[PDB]
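What follows is one structure encoded as structure tokens, with my remarks underneath.
No value in this document is a laboratory result; all are computed from the given coordinates. FYI the Cβ positions are ideal-geometry reconstructions off the backbone, even for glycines, and counts take in every protein chain you see.
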Amino acid sequence: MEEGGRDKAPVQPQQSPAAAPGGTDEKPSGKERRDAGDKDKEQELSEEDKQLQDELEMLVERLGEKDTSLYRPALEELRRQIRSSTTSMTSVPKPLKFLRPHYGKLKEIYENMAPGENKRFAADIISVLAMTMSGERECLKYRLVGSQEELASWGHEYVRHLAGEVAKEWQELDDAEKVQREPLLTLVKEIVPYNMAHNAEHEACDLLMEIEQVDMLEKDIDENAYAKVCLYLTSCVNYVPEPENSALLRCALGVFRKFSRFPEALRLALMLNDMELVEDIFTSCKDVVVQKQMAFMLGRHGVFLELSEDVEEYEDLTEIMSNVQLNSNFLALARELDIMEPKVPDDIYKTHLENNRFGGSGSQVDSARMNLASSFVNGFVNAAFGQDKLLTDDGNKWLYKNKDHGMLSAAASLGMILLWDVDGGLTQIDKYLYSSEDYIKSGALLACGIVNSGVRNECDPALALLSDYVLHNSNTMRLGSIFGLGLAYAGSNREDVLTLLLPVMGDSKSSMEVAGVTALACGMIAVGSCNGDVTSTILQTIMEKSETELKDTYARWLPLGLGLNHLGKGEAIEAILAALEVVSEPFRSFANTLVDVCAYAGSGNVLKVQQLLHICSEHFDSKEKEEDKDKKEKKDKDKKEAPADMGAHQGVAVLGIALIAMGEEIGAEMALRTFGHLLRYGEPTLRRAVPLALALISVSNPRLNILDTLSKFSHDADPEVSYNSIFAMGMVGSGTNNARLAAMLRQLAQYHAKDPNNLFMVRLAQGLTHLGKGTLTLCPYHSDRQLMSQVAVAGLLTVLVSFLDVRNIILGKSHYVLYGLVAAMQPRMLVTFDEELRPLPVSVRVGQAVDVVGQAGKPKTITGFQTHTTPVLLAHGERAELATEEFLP
Amino acid sequence: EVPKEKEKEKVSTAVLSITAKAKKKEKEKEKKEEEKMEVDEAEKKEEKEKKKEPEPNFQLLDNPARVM
Amino acid sequence: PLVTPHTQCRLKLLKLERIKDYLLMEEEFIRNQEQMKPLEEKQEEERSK
């Protein structure tokens, strides 16, 4: 301990501020010049950030705190210069003069008068002088002012431009990772008036830099991955004009302002769709801006590009609408017959060959309901041009043999055989159409809507299936005709055929399953306007469901189209609309949780997730509202599948422990459909946690509840090694887990993982994270499986052809105009880089190296090299344009 | 002779988080909806205090009158 | 295992508060689970003897 002898600064700045009350009065020079000699020297012993220990700043205030309490207030005759010497010298040590209740008094030295241009003695120092202290002001002092009194005094007026120059100072001194400290400053200051802060910070960023935009640009969208309702409403529209005004990267408009379509205003992204039609230079970014506008996140854009430039600049519209759709058919025609696939594999059924010697002999299984699953050896493998003449003879015999619902099912499988087709898809049906039967034509003409699904061109808006519908005096002609056309025009929000198919609801012909899928057919069409659909559904709901207390054919189908007509907005007006509209008995207030959370597809709104638990948690509920706690858990399944894995680990942690562990009817009947809704990628955490409750069948219940959890355990696409689980459970599933009920089911689970080789993207995440619904086509099936008796009769309309929004697969094609380029692409396990050293290595799995149409996989941001510049949108999206430039030798 | 009819009925949701400023801006939403369309409800005080003070201590009693 | 800012940024202040939200709710849901159980049969006489 070598103290003493060199303690100059603990003596003379211990004495001269102690002599400052001894020299304020009767010493006009010593009041001023010793203050200025104190001020610059204390300023100089802080500017190097290589002596944090300052020989004054924690040496003078031991008496100087009681001094400043008697020097600044008690002088009472403060001059115009001596306030600029006192407050410039004594507002510096006040974060360390004072303890944690400094937060109310960062002003009793400073805001007496802020001396001039306080960064004048705080420019080259990063945060030790006042910039940490400036964040201490905006944390607590501005928030209590700007809680209800934003428009206020000097604590707002100068504080605006004070925070303005400080936010310039973060990107001024060193331009380090304190760029991201500016959104740390801009959002803590005036949390709800963020745009009033950001509007000055938009224009300041526009003149800040054009190279130091992009990491702050991704900092915003990382903060926009989850927020409050109003913060996600605010900072996402602040996110919009920064590649519009500062830079013109601008190919991140269409999908990354589909981010901002539903929250802020539907017309606002349509004004950004107008901003697409402003920046028409030249074609290449314009091409891939409008590639996504048809079948990547929405359709319904084919009405705004038939204006005055219909030569090539507005004749991309039909090219977008069906020709690049058919060029995507040329992927599955040309490229995917080249990689793997002849016309009929037909041998996953043949992969059940070694079972006949496992335990003696075989040929014991003769169940007639297995022949339902026999259609999927032909059915699922023949998607994307698995066209079959006389390979449908297993269909052709069984169509003309028995099983009326399988006559509808085998006829509905023909639409899956010719999918995404307009050229000759109806010609395939017509030879298998004229059998003059109810079940054959109702499955085939429903499959005609599946053939032209995603086309939305002129095939039959009211031609075929409207003529099929007006044939009705009877069975599924009444039913199966409205379903296929609303499936085909689900991407559109056309009003006309919605009003053609609204007298289906207004007929009051009391076929119950027809009116239920009528809500599902109109639900797939619209998500926004036409409140008269909500009027039309609840009229027959109050007519029919009020005079019953019975089955979920009422409940699983009629409120679901209401939720599909109001999907994806966290405004909480739609809950005020719907729940106050059907104020009713609790078995009709089953519908309370539907339209509540169908508007709540994905965000962070954890306050909803607690009312998704705390109202109907358990209660033990002796067989009265057990459907509602299942459906309340059904809406826990979404709002979990897109915070991008932040709550997915928390979802599998809660729902593994809480329900299947300490539950009853909520857990052991229904709570596995989360895993059939959360992901379809597959990973051995949840893929092995389900046979913990499946190999233990727990047969005491109506075990098709647990065998429903068998079924969409294989609701993970992208074919895997999971055959080890399903075939070995199929071996114990032939004799035991009786083949009368689920011999269709286990092979439905077996044959669905290898659906084709490819085309597994059914998982509602495009580009990086945006939805692309999608949800309107899947969510009817997991609402349908509640629970039994639709394994035989009614759910066979659903279980085959429920979800049909598969968009294509792979990010391999090049499309440089003649379509001859391949690439040198380099596929890897996805990004982790958030803020690290510049530049940041995007990925980590350098081993795989392909050129052309190779796979997507679970976490793959595939990059490219060889100086082709890949300049298009720099995110990805499976129709890259790929120009050419090499000006770096 | 009441049986003390009691209710568990609730456990208080103690999630102390972003909830705190989210309920506060919801009370701001009621200051446009309540006081601008229709709220004119009122109640009166000190009716129940009035009957207490002029009380007896002059209770009249017939012949076989009990008294502590 | 996603604390990937790796620095004193508000994201790690935002990310960890999300983890606080789900574990408190997992606490309160199982707190409601042992609360609202009016089922008593205690063995239906079989395992109790």
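Confirm whether residue A:805 is away from chain C (no Cβ under 14 Å), under 21 Å from residue A:333 (Cα atoms) and touching a strand residue (DSSP E or B) at 6+ places or on another chain (Cβ under 7 Å). Please lay out each step first, then the result.
Values: away from chain C (no Cβ under 14 Å): yes; under 21 Å from residue A:333 (Cα atoms): yes; touching a strand residue (DSSP E or B) at 6+ places or on another chain (Cβ under 7 Å): no.
Here the answer is no, as residue A:805 does not meet what is asked.
Identify, please: which residue in the range A:716-744 is within 15 Å of residue A:694 (Cα to Cα) and among the hydrophobic types (A, V, I, L, M, F, W, C) and is, among those, nearest to the chain's Cα centre (by Cα)?
Looking at residues that are within 15 Å of residue A:694 (Cα to Cα) and among the hydrophobic types (A, V, I, L, M, F, W, C), I get A:726.
Which of the residues belonging to the range C:4-49 are assigned to a loop (DSSP other than H, G, I, E, B) and more than 10 Å from chain A (Cβ to nearest Cβ)?
First pass over the range C:4-49, keeping only residues assigned to a loop (DSSP other than H, G, I, E, B): C:4-9, C:34-49.
Selection gives C:40, C:41, C:42, C:43, C:44, C:45, C:46, C:47, C:48, C:49.
Considering only the range B:1-13, state which residues are within 13 Å of chain C (Cβ to nearest Cβ) and either closer than 25 Å to residue A:148 by Cα or among the charged types (D, E, K, R) (or both). Please lay out each step first, then the result.
Within the range B:1-13, the first condition is being within 13 Å of chain C (Cβ to nearest Cβ), and the residues that meet it are B:7-13.
Passing the criteria: B:7, B:8, B:9, B:10.
Would you mention how many residues in the range A:399-429 are free of Cβ contacts under 8 Å to residues at least 60 places away in the same chain, in a helix (DSSP H, G or I) and surrounded by fewer than 24 Cβ atoms within 10 Å (Cβ to Cβ)?
6
Out of all the residues in the range A:436-474, which are in contact with a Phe, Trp or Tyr (Cβ under 8 Å, 6 or more places away or on another chain) and not β-branched (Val, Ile, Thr)?
Result: A:444, A:446, A:449, A:453, A:454, A:456, A:461.
Would you mind stating whether residue B:21 is within 23 Å of residue A:612 (Cβ to Cβ), away from chain C (no Cβ under 14 Å) and either outside any loop (DSSP other than H, G, I, E, B) or touching a residue at least 12 places away in the same chain (Cβ under 8 Å) (or both)?
Values: within 23 Å of residue A:612 (Cβ to Cβ): yes; away from chain C (no Cβ under 14 Å): no; either outside any loop (DSSP other than H, G, I, E, B) or touching a residue at least 12 places away in the same chain (Cβ under 8 Å) (or both): yes.
No, not satisfied.
Residues that are touching a helix residue (DSSP H, G or I) at 6+ places or on another chain (Cβ under 6 Å) and either crowded, with 16+ Cβ neighbours inside 10 Å or without any contact (Cβ under 8 Å) to a residue 60 or more places away in the chain (or both): list the helices (runs of 4 or more DSSP H) wholly contained in the range A:1-71 that include at least 1 such residues. Write out each step before concluding.
Numbers: elements: A:12-15, A:28-47, A:61-71.
Here the list reads A:28-47, A:61-71.
When you look at residue A:880, is it surrounded by fewer than 18 Cβ atoms within 10 Å (Cβ to Cβ), closer than 21 Å to residue A:328 by Cβ and under 25 Å from the mean Cα position of the chain (by Cα), yes or no? Before the answer, list the steps.
Values: surrounded by fewer than 18 Cβ atoms within 10 Å (Cβ to Cβ): no; closer than 21 Å to residue A:328 by Cβ: yes; under 25 Å from the mean Cα position of the chain (by Cα): yes.
No, not satisfied.
Any residue in the range B:57-64 that is free of Cβ contacts under 8 Å to residues at least 24 places away in the same chain, more than 14 Å from chain C (Cβ to nearest Cβ), of a type in the set (D, E, K, R) and over 30 Å from residue A:149 (Cβ atoms)? Write out each step before concluding.
Step one: list which residues in the range B:57-64 are free of Cβ contacts under 8 Å to residues at least 24 places away in the same chain, which gives B:57-64.
Then drop every residue that is not more than 14 Å from chain C (Cβ to nearest Cβ), which leaves B:57-64.
Narrowing further to those that are of a type in the set (D, E, K, R): B:62.
Next, from what is left, pick out any that are over 30 Å from residue A:149 (Cβ atoms): B:62.
Scanning the range B:57-64, I find at least one residue that is free of Cβ contacts under 8 Å to residues at least 24 places away in the same chain, more than 14 Å from chain C (Cβ to nearest Cβ), of a type in the set (D, E, K, R) and over 30 Å from residue A:149 (Cβ atoms), so the answer is yes.
Under the condition of being among the polar types (S, T, N, Q) and in contact with a strand residue (DSSP E or B) (Cβ under 6 Å, 6 or more places away or on another chain), which residue from the range A:844-871 is farthest from the other protein chains (Cβ to nearest Cβ)? Working first, answer last.
Residues of the range A:844-871 among the polar types (S, T, N, Q): A:848, A:855, A:861, A:863, A:866-867, A:869-870.
Okay, now just the ones that are also in contact with a strand residue (DSSP E or B) (Cβ under 6 Å, 6 or more places away or on another chain), so A:863, A:870.
On the way: A:863: 19, A:870: 25 Å.
Here the answer is A:870.
List the helices (runs of 4 or more DSSP H) inside the range A:161-271, counting only whole elements, that have at least 1 residues being touching a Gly at 6+ places or on another chain (Cβ under 7 Å). So that I can check it myself, show each step before the final result.
On the way: elements: A:181-188, A:194-206, A:214-223, A:229-239.
In the range A:161-271, the matching helices (runs of 4 or more DSSP H) lie at A:181-188, A:194-206, A:229-239.
Which helices (runs of 4 or more DSSP H) does the range A:317-395 wholly contain that include 2 or more residues that are closer than 28 Å to residue A:297 by Cβ and out of contact with any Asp or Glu (no Cβ under 6 Å at 6 or more places or on another chain)? Lay out the reasoning, then the answer.
Numbers: elements: A:324-330, A:336-339, A:370-373, A:376-379.
The helices (runs of 4 or more DSSP H) meeting that bar are A:324-330, A:336-339.
Would you point out the residue of the range A:98-112, among those that are among the charged types (D, E, K, R) and assigned to a loop (DSSP other than H, G, I, E, B), that is farthest from the chain's Cα centre (by Cα)?
A:108
Mind checking which helices (runs of 4 or more DSSP H) fall wholly inside the range A:583-695 and carry at least 2 residues that are away from chain C (no Cβ under 14 Å)? Spell out how you get there, then give the answer.
Numbers: elements: A:592-598, A:606-611, A:626-637, A:648-657, A:659-662, A:667-670, A:675-678, A:684-689.
Fully inside the range A:583-695 and qualifying: A:592-598, A:626-637, A:667-670, A:675-678, A:684-689.
Scan the range A:224-249 for residues that are more than 14 Å from chain B (Cβ to nearest Cβ) and within 21 Å of the chain's Cα centre (by Cα) and jot them down.
The answer is A:224, A:225, A:235, A:236, A:237, A:238, A:239, A:240.
Given the structure, is residue B:43 out of contact with any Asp or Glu (no Cβ under 8 Å at 6 or more places or on another chain), surrounded by fewer than 10 Cβ atoms within 10 Å (Cβ to Cβ) and farther than 30 Å from residue C:29 by Cα?
yes
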